[PDB]
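What follows is a short report on a single structure.
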Amino acid sequence: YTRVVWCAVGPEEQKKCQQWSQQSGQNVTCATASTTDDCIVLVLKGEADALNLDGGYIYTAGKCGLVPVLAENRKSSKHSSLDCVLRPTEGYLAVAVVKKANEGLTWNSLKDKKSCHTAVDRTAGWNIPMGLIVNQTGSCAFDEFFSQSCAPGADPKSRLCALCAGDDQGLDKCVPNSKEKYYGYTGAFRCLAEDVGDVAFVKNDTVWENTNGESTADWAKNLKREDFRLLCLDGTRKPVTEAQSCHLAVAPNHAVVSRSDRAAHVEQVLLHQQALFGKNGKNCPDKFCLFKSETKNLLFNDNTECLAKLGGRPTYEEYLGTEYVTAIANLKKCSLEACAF
Ligand SMILES: *[C@@H]1O[C@H](CO)[C@@H](O[C@@H]2O[C@H](CO)[C@@H](O)[C@H](O)[C@H]2NC(C)=O)[C@H](O)[C@H]1NC(C)=O
Ligand SMILES: *[C@@H]1O[C@H](CO)[C@@H](O[C@@H]2O[C@H](CO)[C@@H](O)[C@H](O)[C@H]2NC(C)=O)[C@H](O)[C@H]1NC(C)=O
Ligand SMILES: *[C@@H]1O[C@H](CO)[C@@H](O[C@@H]2O[C@H](CO)[C@@H](O)[C@H](O)[C@H]2NC(C)=O)[C@H](O)[C@H]1NC(C)=O
Ligand SMILES: O=c1ccc2ccccc2o1
Ligand SMILES: [Fe+3]
Ligand SMILES: [Zn+2]
Ligand SMILES: [Zn+2]
């Protein structure tokens, strides 16, 4: 009843969800699926209530009637006077990242290079970059633009999965969940950091969080920011300290979605759940912290300060903005109004 069923994507989020379920006293329980799409379906069926989603998936989900309930909010130097739950969200910066030692690689010389994407249909990992590339090349053959890629969720036999690695055993190659080594903001940057690919489409935060000692994960230990460069749209290259003037787009924050008829309930539970396991929650550090997963961004991004109320009770289009919705719409016409399932 006042119990919420969260949808976890893959084995690792399932384990974090079970831990959460346990500390919550069954106030939250877990459903598990192998992909975000599957989790969206469980929610439509009513077999699950909510899950946190990147903007690209919010678009899929909105067409099927799901609604944004609360958004992820990270720290700001602005609006700091206002409490986290009521502070407007800022949006994140979608950037293209390369290794400095790879001299001469710019936005205009990306053809036939190797790329790393968070996952097919995601904001920074796919929608924005591929949207710009289709626009620029006057072509829908984005499957022929890079020689090889790791783009979780595409055909495993195809070149968009050639660079993906699967799990500890080589199983699950290219699955759009964390079992795939190079999945998500972290996997895509690792794909670049190990030199598997030449470019990685992630957000600004990912570079700062995985360099200069911020990570301790074996592959990130020795990563220095000065060994990285962002590709700007003007053909230029800049240090990662200049993302405000060298980004592909500003993107809406990841947000929690639910079916419209369960929204008020999910919202109420979440606010109480974060009072308990959020940033300064009563039980967070001591027992369990919703927003940590040792750099793996499980269920929520690890840099989340809190989940924030929306205000303006936005529909999913109002939430994503007309800009981003037209970019996705135009990109989708390369692969007609209905719920994808
Ligand atoms: C599960 O949710 C219920 C409901 O919010 C919590 O029980 C409430 O407990 C508070 C304070 O402990 C009481 O003041 C309220 O009257 C109760 N609310 C309801 C609707 O019963 C309970 O503490 C939560 N359990 C956990 C572990 O999160
Ligand atoms: C790709 O090109 C399309 C078409 O020009 C861009 O989509 C349009 O978006 C702009 C706003 O940015 C509107 O002024 C146009 O009228 C829109 N057109 C259509 C047909 O929808 C799209 O934004 C570009 N994609 C990216 C990622 O920049
Ligand atoms: C790019 O993202 C980083 C976060 O990954 C932003 O820097 C953080 O800024 C806050 C203050 O608002 C600090 O408390 C953190 O310590 C910073 N993080 C790190 C790891 O350095 C940065 O300002 C963002 N820039 C743009 C242009 O959006
Ligand atoms: O997608 C968005 C997100 C926030 C916002 C605020 C004011 C006006 C339009 C907006 O669109
Ligand atoms: Fe995202
Ligand atoms: Zn901009
Ligand atoms: Zn509105």
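Identifiers for the structure tokens are assigned positionally: chains receive A, B, ... in sequence, residues are indexed from 1 per chain, and ligands are indexed from 1 in the order shown.
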Listing only residues of chain A within 7 Å of ligand 2, what is the closest atom pair and its distance in Å (to one decimal) for each, using only C-alpha atoms and all ligand atoms, sorted by chain and residue number ascending, as CSV?
residue,atom,partner,partner_atom_place_in_ligand_line,distance
A:128,CA,ligand 2,27 (C),4.9
A:129,CA,ligand 2,27 (C),6.8
A:131,CA,ligand 2,27 (C),4.1
A:132,CA,ligand 2,27 (C),4.3
A:135,CA,ligand 2,1 (C),4.7
A:323,CA,ligand 2,12 (O),5.3
A:326,CA,ligand 2,21 (O),4.8
A:327,CA,ligand 2,23 (O),4.1
A:329,CA,ligand 2,21 (O),6.8
A:330,CA,ligand 2,21 (O),5.7
For chain A against ligand 5, with a cut-off of 9 Å and counting only C-alpha atoms and all ligand atoms, what is the closest atom pair and its distance in Å to one decimal for every residue that makes the cut, ordered by chain and number, as CSV?
residue,atom,partner,partner_atom_place_in_ligand_line,distance
A:53,CA,ligand 5,1 (Fe),7.7
A:54,CA,ligand 5,1 (Fe),4.2
A:55,CA,ligand 5,1 (Fe),6.0
A:56,CA,ligand 5,1 (Fe),7.3
A:92,CA,ligand 5,1 (Fe),8.1
A:94,CA,ligand 5,1 (Fe),8.4
A:118,CA,ligand 5,1 (Fe),8.4
A:122,CA,ligand 5,1 (Fe),6.0
A:123,CA,ligand 5,1 (Fe),5.0
A:124,CA,ligand 5,1 (Fe),5.8
A:125,CA,ligand 5,1 (Fe),7.5
A:184,CA,ligand 5,1 (Fe),8.5
A:185,CA,ligand 5,1 (Fe),7.8
A:202,CA,ligand 5,1 (Fe),8.0
A:203,CA,ligand 5,1 (Fe),7.5
A:251,CA,ligand 5,1 (Fe),7.4
A:252,CA,ligand 5,1 (Fe),7.8
A:253,CA,ligand 5,1 (Fe),6.9
A:254,CA,ligand 5,1 (Fe),6.0
request  = Show which residues sit within 10 Å of residue 273 in chain A, as a PyMOL selection string. Count only C-alpha atoms, and ignore same-chain residues fewer than 2 positions away.
outcome  = chain A and resi 20+24+27-28+267-271+275-278+281+290
Could the residues in this selection be written to a file with C-alpha atoms, as a short mmCIF file (atom, residue, chain, number, x, y, z; two decimals), in the first residue's frame?
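Result file is selection-v8.cif:
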data_model
loop_
_atom_site.label_atom_id
_atom_site.label_comp_id
_atom_site.auth_asym_id
_atom_site.auth_seq_id
_atom_site.Cartn_x
_atom_site.Cartn_y
_atom_site.Cartn_z
CA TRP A 20 17.68 -0.50 0.46
CA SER A 24 13.50 0.51 4.66
CA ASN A 27 8.62 0.26 2.75
CA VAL A 28 10.39 -0.19 -0.63
CA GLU A 267 6.69 11.07 -4.36
CA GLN A 268 5.63 10.96 -0.69
CA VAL A 269 7.64 7.78 -0.03
CA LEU A 270 10.77 9.08 -1.76
CA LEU A 271 10.96 12.31 0.25
CA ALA A 275 15.20 12.11 4.82
CA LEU A 276 16.51 8.69 5.99
CA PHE A 277 19.22 7.71 3.47
CA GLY A 278 19.90 10.90 1.51
CA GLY A 281 19.87 11.47 6.21
CA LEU A 290 20.91 5.87 -1.29
#
inquiry  = Taking only C-alpha atoms and all ligand atoms and a cut-off of 6 Å, can you tell me which residues surround ligand 3, written as number ranges by chain?
reply    = A: 75-77, 93, 204-205, 208-209, 243-244
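Of the listed residues A:308, A:9, A:299, A:249, the one whose atoms come nearest to ligand 6 is A:249, with distances taken using only C-alpha atoms and all ligand atoms.
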key: Which of range 52-168 of chain A fall in strand (DSSP E), as a VMD selection string   = chain A and resid 52 to 53 66 to 73 92 to 99 114 to 117 148 to 150
Would you mind exporting N, CA and C atoms of the selected residues as a short mmCIF file (atom, residue, chain, number, x, y, z; two decimals), in the first residue's frame?
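Done, and the output landed in again.cif:
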data_model
loop_
_atom_site.label_atom_id
_atom_site.label_comp_id
_atom_site.auth_asym_id
_atom_site.auth_seq_id
_atom_site.Cartn_x
_atom_site.Cartn_y
_atom_site.Cartn_z
N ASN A 52 14.62 5.66 -11.67
CA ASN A 52 15.30 6.91 -12.00
C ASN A 52 15.79 6.77 -13.45
N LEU A 53 15.61 7.82 -14.26
CA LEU A 53 15.97 7.75 -15.68
C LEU A 53 16.68 8.94 -16.34
N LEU A 66 4.00 7.68 -18.71
CA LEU A 66 4.70 7.83 -17.43
C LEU A 66 5.03 9.30 -17.16
N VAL A 67 5.15 9.69 -15.89
CA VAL A 67 5.45 11.09 -15.58
C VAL A 67 6.65 11.35 -14.67
N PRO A 68 7.31 12.51 -14.85
CA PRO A 68 8.46 12.86 -14.01
C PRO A 68 7.85 13.20 -12.66
N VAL A 69 8.48 12.71 -11.61
CA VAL A 69 7.99 12.89 -10.25
C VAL A 69 8.93 13.74 -9.40
N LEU A 70 10.22 13.46 -9.53
CA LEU A 70 11.24 14.15 -8.78
C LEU A 70 12.50 14.07 -9.61
N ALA A 71 13.34 15.09 -9.51
CA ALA A 71 14.57 15.14 -10.28
C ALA A 71 15.83 15.09 -9.42
N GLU A 72 16.92 14.59 -10.00
CA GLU A 72 18.20 14.55 -9.30
C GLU A 72 18.73 15.98 -9.27
N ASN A 73 19.29 16.36 -8.13
CA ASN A 73 19.86 17.69 -7.96
C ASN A 73 21.25 17.52 -7.38
N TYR A 92 22.78 19.09 -16.81
CA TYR A 92 24.19 18.76 -16.86
C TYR A 92 24.80 19.04 -18.22
N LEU A 93 26.12 19.12 -18.28
CA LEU A 93 26.80 19.42 -19.53
C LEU A 93 27.30 18.20 -20.30
N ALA A 94 26.72 18.00 -21.48
CA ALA A 94 27.09 16.91 -22.36
C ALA A 94 28.39 17.33 -23.06
N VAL A 95 29.44 16.53 -22.91
CA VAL A 95 30.73 16.86 -23.52
C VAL A 95 31.30 15.67 -24.28
N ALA A 96 32.25 15.94 -25.18
CA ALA A 96 32.94 14.90 -25.95
C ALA A 96 34.36 14.98 -25.39
N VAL A 97 34.91 13.84 -24.98
CA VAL A 97 36.23 13.81 -24.36
C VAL A 97 37.25 12.96 -25.10
N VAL A 98 38.47 13.47 -25.22
CA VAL A 98 39.55 12.75 -25.89
C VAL A 98 40.82 12.81 -25.06
N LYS A 99 41.79 11.99 -25.43
CA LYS A 99 43.08 11.96 -24.75
C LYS A 99 43.91 13.08 -25.39
N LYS A 114 37.16 5.78 -33.31
CA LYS A 114 36.52 4.81 -32.41
C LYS A 114 35.80 5.58 -31.31
N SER A 115 34.54 5.23 -31.04
CA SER A 115 33.77 5.95 -30.03
C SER A 115 33.24 5.13 -28.87
N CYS A 116 33.02 5.81 -27.75
CA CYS A 116 32.48 5.19 -26.54
C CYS A 116 31.23 5.98 -26.13
N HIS A 117 30.11 5.26 -26.03
CA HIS A 117 28.82 5.84 -25.69
C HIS A 117 28.27 5.20 -24.42
N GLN A 148 34.46 1.80 -35.39
CA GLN A 148 34.04 0.91 -34.32
C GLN A 148 33.61 1.66 -33.06
N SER A 149 32.69 1.06 -32.32
CA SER A 149 32.15 1.68 -31.11
C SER A 149 31.75 0.70 -30.02
N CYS A 150 31.48 1.26 -28.85
CA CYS A 150 30.88 0.46 -27.81
C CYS A 150 29.67 1.35 -27.49
#
query = What lies within 12 Å of residue 101 in chain A using only C-alpha atoms, ignoring chain neighbours under 4 positions off, as an MDAnalysis selection string?
reply = chainID A and resid 105 193 195 198 226:229
Residues within 8 Å of ligand 6 should be enumerated using only C-alpha atoms and all ligand atoms and returned as a PDB file with C-alpha atoms, in the first residue's frame.
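So part29.pdb came out as:
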ATOM      1  CA  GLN A 244      30.937  25.972 -19.812  1.00  0.00           C
ATOM      2  CA  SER A 245      32.231  27.185 -23.201  1.00  0.00           C
ATOM      3  CA  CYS A 246      32.999  23.796 -24.773  1.00  0.00           C
ATOM      4  CA  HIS A 247      29.967  21.462 -24.478  1.00  0.00           C
ATOM      5  CA  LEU A 248      27.623  19.783 -27.019  1.00  0.00           C
ATOM      6  CA  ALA A 249      24.516  20.692 -25.002  1.00  0.00           C
ATOM      7  CA  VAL A 250      23.059  21.303 -21.561  1.00  0.00           C
TER       8      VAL A 250
END
Contacts of residue 206 in chain A at 10 Å (only C-alpha atoms; same-chain gap of 4+ positions) as a PyMOL selection string = chain A and resi 95+185-186+188-189+202+210-211+295+303
task = Please check which protein, DNA or RNA residues sit within 9 Å of ligand 4, counting only C-alpha atoms and all ligand atoms, and write them as JSON, numbers by chain.
result = {"A": [88, 89, 90, 91, 251, 252, 253, 310, 312, 314, 316, 317, 318, 319, 320, 321, 322, 323, 324]}
task = For residue 232 in chain A, work out the shell of residues within 7 Å, counting only C-alpha atoms and skipping chain neighbours fewer than 2 positions away, then give it as a list in words.
result =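 My reading of the contact set: residues 107, 230, 234, 235, 236, 237, 246 and 247 of chain A.
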key: Coordinates-based distance that separates CA of residue 85 in chain A from CA of residue 258 in chain A (Å, one decimal)   =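 A separation of 18.7 Å between them.
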request  = Name the closest residue to residue 176 in chain A among the candidates A:58, A:255, A:84, A:33; distances are taken between atoms, counting only C-alpha atoms.
outcome  =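 Under the stated criterion, the closest residue is A:33.
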task = Point out the residue among A:298, A:151, A:217, A:231 with the least atom-to-atom distance to residue 104 in chain A, counting only C-alpha atoms.
result = A:231
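Across the model, the gap from CA of residue 304 in chain A to CA of residue 213 in chain A is 19.5 Å.
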ask   = For the atom pair CA of residue 339 in chain A and CA of residue 36 in chain A, what is the interatomic distance in Å to one decimal place?
value =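 The value is 15.0 Å.
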query = Taking only C-alpha atoms and all ligand atoms into account, which of A:157, A:296, A:272, A:333 comes nearest ligand 1?
reply = A:272
query = For residue 266 in chain A, which of A:50, A:26, A:207, A:134 is the closest residue, counting only C-alpha atoms?
reply =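 Closest residue, counting only C-alpha atoms: A:50.
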key: Top pick for closest residue to residue 113 in chain A, considering A:31, A:51, A:199, A:334 and counting only C-alpha atoms   = A:199
